[PDB]
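The listed protein sequences derive, respectively, from chains V, F, S and D.
If you read the first sequence in PDB author numbering, its first letter stands for residue 1, the second for the next number, and so on.
Heads up: the second sequence is residues 2 to 115, 121 to 147, 154 to 170, 173 to 449, going by PDB author numbering.
If you read the third sequence in PDB author numbering, its first letter stands for residue 283, the second for the next number, and so on.
If you read the fourth sequence in PDB author numbering, its first letter stands for residue 395, the second for the next number, and so on.
Yeah, the Cβ is synthetic: ideal placement off N, Cα and C, and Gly gets one too.
Below you'll find the structure, written out as structure tokens, and then a few comments.
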Amino acid sequence: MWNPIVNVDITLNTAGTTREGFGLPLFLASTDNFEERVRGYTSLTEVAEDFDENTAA
Amino acid sequence: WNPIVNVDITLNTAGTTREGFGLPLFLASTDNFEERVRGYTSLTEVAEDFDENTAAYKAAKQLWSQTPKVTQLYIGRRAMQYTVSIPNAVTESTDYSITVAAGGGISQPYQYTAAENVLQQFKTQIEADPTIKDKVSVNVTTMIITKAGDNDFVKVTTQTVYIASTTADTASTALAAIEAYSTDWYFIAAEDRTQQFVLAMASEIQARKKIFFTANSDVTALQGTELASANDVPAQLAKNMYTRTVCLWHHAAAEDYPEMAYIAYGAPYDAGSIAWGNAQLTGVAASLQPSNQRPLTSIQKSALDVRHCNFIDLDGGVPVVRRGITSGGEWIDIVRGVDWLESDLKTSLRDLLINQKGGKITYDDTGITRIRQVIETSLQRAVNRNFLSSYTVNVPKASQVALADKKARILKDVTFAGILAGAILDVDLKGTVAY
Amino acid sequence: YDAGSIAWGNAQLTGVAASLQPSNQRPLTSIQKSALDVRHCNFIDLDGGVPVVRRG
Amino acid sequence: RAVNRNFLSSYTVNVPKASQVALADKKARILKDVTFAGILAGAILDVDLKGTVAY
């Protein structure tokens, strides 16, 4: 499909950098919001979609 | 033949023009010209296509009251529907006539010299007309006339018959049709001040990169301090978090248009370098209560405050527009500066990419460093205005890009960040006196 | 210029106006440009006031 | 010569061993199985960018 020669997007949020190390955490929660027994997330926003604010996860 | 030296020396005062980021556009219900958009560079030109009582001339006069004066102004035409009815009983040996015009200079008179039967006669004549039947629609029950097929312009005019007109399209359709014909404008204001149209227009501009200015004279907005309970137009605008909408409460926001006066205060100047608060608009009085015609009390001002709505205060003896904030809580300055920054980056990278005749920008680290450099220069330009105060840029390595990007000749994953400056608008002071 | 060392996209042409719709002389919209993309047909797009043959 | 123009970035060439070519081609004076490969240089035409503003 047609694309602008230059595409620019700007938002008023705030962001920080990540860093890589040894080992990633896992949280063993009691929930049923999804079928698979393990699922990954890369920001609090994604967690908020499948979990509300009062959930332990 | 022309004289060696030519001199005019007209006996008229003149002012200076200045230009900045974005030109305004006023969207009004009119039928004075066919094109859905036109451009005027002075008020006198508006006086040619309009008179002193039309909303468009009012808005044009308000906009050019400020100094320095905006470079140009645009006017947009909304789709219209007409209605015809006989203000008298059906009478024989009595005349009934109208005229129907369409886009392209078409015009056709219709006559039935003898109430439903006269309208039906007109409808049949129109539908049997060689040309008008193709591009005009008629319905009768009273009569109505609207678009048909592609045609974009229609007019009706005629003593024994009556004619009235009203806006037919909604905000979304009108805005789409106007954008289809002219993309050069940043500020937009609307003549219609109904709740439905105002909200529909606010919801549309929120999905683009523009700013929508509107006034309001609803008295219920002055009372309810609880934002949850309030349901006037400013309260609903605040509730939806429309950061790209601007509301200015004013008593005279039914016949007059202070929105253009507010727009002219910041349009001539550069984006991100001026604060829109505490402005002094020339020729505009302070916000007054519709009853008792006295300036607003502190309680009413607080009620407007909880709705993120602007007002024309009165500091001692001088009126000043307060806090210049959009309904979403953001300052107008931040939004305008962000849009200017986006445009500047989009122009700098365009200039880098287009002017490579006879060469390339190879897909490797050397090519990526040039893109780094142009972006850094563009951000430094914003830092020079005292809009930002720092920034950072990150770019991917050539040995890390995917194959699909190389096949499509597109670079992704470029990101950056910045920090804002701020300003001062209010002061708090305490002191003491003693022997 | 010599072969193989020049990208033909983003070309600027002197005196050639941007592609316009015959009906109303307006520059082609985004929808119409996408129609040409699936047909692998070039067109004279518009930057901010500068015509350019984009894909090549 | 192609690499010098920046058209390519590398290449390889393969030829048959003279001791393995079938003796039918040796009578036809025809050499087959000569092949090569190249890696295109590429270029950039479009750009995508994202950013944020905060205090």
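- [ ] For the alpha helix (DSSP H) holding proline 272 (chain F), just list the boundary residues, first then last.
- [x] Note, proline 272 (chain F): alpha helix (DSSP H), 272-278.
- [ ] Determine, using beta carbons only, whether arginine 364 (chain F) comes closer than 7 Å to chain C.
- [x] Of the protein chains in this structure, namely V, F, S and D, none is chain C.
TODO: With DSSP as the reference, label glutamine 82 (chain F) as helix, strand or coil.
DONE: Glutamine 82 (chain F) falls in the strand class under three-state DSSP.
Open item on the list: So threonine 361 (chain F) contacts chain S; which residues on that side make the cut at Cβ distance below 9 Å?
Closed with: Those within 9 Å of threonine 361 (chain F) in chain S are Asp329, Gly330.
TODO: On a CA-only basis, which of F:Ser143, F:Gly40, F:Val168 is nearest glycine 161 (chain F)? Give me that one, please.
DONE: When each option's Cα is compared against that of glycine 161 (chain F), the closest is F:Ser143.
TODO: Take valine 91 (chain F) as the anchor and find which of F:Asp353, F:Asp198, F:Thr154, F:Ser243 has the nearest alpha-carbon.
DONE: Ranked by how close their Cα comes to the Cα of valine 91 (chain F), the residues F:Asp353, F:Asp198, F:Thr154, F:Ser243 have F:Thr154 in first place.
Open item on the list: I'd like to know if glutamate 193 (chain F) contacts chain V, where contact means its C-beta is closer than 7 Å to some C-beta of that chain.
Closed with: So no, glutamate 193 (chain F) is outside the interface.
- [ ] For chain F, find out if any of its Cβ atoms is closer than 7 Å to the Cβ of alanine 299 (chain S); answer yes or no.
- [x] So, not an interface residue.
Open item on the list: So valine 6 (chain V) contacts chain F; which residues on that side make the cut at Cβ distance below 7 Å?
Closed with: Those are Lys360, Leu363, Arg364, listed as they occur along chain F.
TODO: Under 7 Å between beta-carbons, which chain V residues line up against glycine 445 (chain D)? List them in chain order, please.
DONE: Correct list: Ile10.
TODO: State yes or no: is the C-beta of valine 175 (chain F) within less than 7 Å of the C-beta of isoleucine 219 (chain F)?
DONE: At the C-beta level, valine 175 (chain F) and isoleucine 219 (chain F) stay beyond 7 Å of one another.
Open item on the list: Spatial neighbours of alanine 278 (chain F) within its chain, please: C-beta separation below 6 Å, excluding the five flanking residues on both sides.
Closed with: Result list for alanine 278 (chain F): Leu64, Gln67, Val71, in chain order.
Task: Rounded Cβ spacing between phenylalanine 22 (chain F) and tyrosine 271 (chain F) (contact assumed at less than 8 Å) - done: Contact between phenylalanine 22 (chain F) and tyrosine 271 (chain F) is ruled out by a C-beta separation of about 22 Å, above the 8 Å threshold.
Open item on the list: Determine, for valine 388 (chain F), whether the minimum Cβ-Cβ distance to residues of chain V falls below 7 Å.
Closed with: So, not an interface residue.
- [ ] Would you mind working out which of F:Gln109, F:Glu122, F:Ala121 sits nearest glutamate 133 (chain F), comparing C-alpha positions?
- [x] From the listed residues F:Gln109, F:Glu122, F:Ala121, the smallest Cα separation to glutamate 133 (chain F) is found for F:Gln109.
- [ ] Between the Cα of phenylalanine 227 (chain F) and those of F:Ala216, F:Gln294, F:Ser316, F:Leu318, spot the shortest distance and give me the residue it belongs to.
- [x] Nearest of F:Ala216, F:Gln294, F:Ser316, F:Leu318 to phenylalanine 227 (chain F), Cα basis: F:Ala216.
Task: Proximal chain V residues relative to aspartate 284 (chain S), where beta-carbon distance stays under 8 Å - done: Within chain V, no C-beta atom comes nearer than 8 Å to that of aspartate 284 (chain S); the closest sits roughly 26 Å away.
Task: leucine 26 (chain F), DSSP secondary structure in three states - done: In the displayed model, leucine 26 (chain F) falls within a strand according to three-state DSSP.
Task: Residues bridged to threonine 158 (chain F) [DSSP beta-bridge criterion] - done: DSSP output for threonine 158 (chain F) lists F:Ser143 as bridge partner(s).
TODO: Using a Cβ-Cβ cut-off of 7 Å, state whether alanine 435 (chain D) counts as contacting chain F.
DONE: So, interface residue.
- [ ] Check whether the segment 404-412 of chain D touches the segment 430-444 of chain D, taking contact to mean three or more Cβ pairs, one atom from each stretch, closer than 8 Å.
- [x] Taking 8 Å as the limit for Cβ pairs, the verdict is that the segment 430-444 of chain D does touch the segment 404-412 of chain D.
- [ ] Tell me, please, whether the CB atom of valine 168 (chain F) is closer than 7 Å to any CB atom in chain V?
- [x] For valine 168 (chain F), the answer is no, since every Cβ of chain V falls outside 7 Å of its Cβ.
TODO: Pick out whichever of F:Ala275, F:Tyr377, F:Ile382, F:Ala121 has its Cα sitting closest to the Cα of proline 25 (chain F).
DONE: It is F:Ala275 whose Cα lies nearest to the Cα of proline 25 (chain F).
Open item on the list: Cβ closer than 9 Å: which chain D residues qualify as neighbours of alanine 289 (chain S)?
Closed with: Those within 9 Å of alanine 289 (chain S) in chain D are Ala437, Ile438, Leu439.
Task: One or two residues paired with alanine 102 (chain F) in a DSSP bridge - done: The beta-bridge partner set that DSSP reports for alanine 102 (chain F) consists of F:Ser108, F:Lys167.
Open item on the list: Quick check: what's the CA-CA separation for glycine 445 (chain D) versus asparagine 324 (chain F)?
Closed with: The straight-line gap from Cα to Cα measures roughly 30 Å.
Task: Proximal residues to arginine 19 (chain F) (C-beta, below 7 Å), its chain only, five neighbours per side dropped - done: Hits under 7 Å: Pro69, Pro282.
TODO: Take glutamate 36 (chain F) as the anchor and find which of F:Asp198, F:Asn13, F:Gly105 has the nearest alpha-carbon.
DONE: Relative to the Cα of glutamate 36 (chain F), the nearest Cα in the group F:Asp198, F:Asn13, F:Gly105 belongs to F:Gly105.
- [ ] Using a cut-off of 8 Å between C-beta atoms, extract the partners of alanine 48 (chain V) located in chain F.
- [x] Close partners of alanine 48 (chain V) in chain F (Cβ separation under 8 Å) are lacking, with about 18 Å as the shortest Cβ gap.
Task: 7 Å Cβ cutoff met for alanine 178 (chain F) and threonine 55 (chain F) - done: Not in contact: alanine 178 (chain F) and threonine 55 (chain F) (Cβ atoms no closer than 7 Å).
TODO: Can you check DSSP and say which residues form a bridge with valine 428 (chain F)?
DONE: BP columns for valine 428 (chain F) point to D:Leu443.
- [ ] Examine chain S for any beta-carbon lying closer than 7 Å to the beta-carbon of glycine 372 (chain F), and answer yes or no.
- [x] Yes, because at least one Cβ of chain S sits closer than 7 Å to the Cβ of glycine 372 (chain F).
Task: Near-chain D residues of the segment 422-433 of chain F (beta-carbon distance less than 9 Å), N- to C-terminal order - done: Taking 9 Å as the Cβ-Cβ cut-off against chain D, the residues of the segment 422-433 of chain F that qualify are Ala422, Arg423, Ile424, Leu425, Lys426, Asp427, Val428, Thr429, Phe430, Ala431, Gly432, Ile433.
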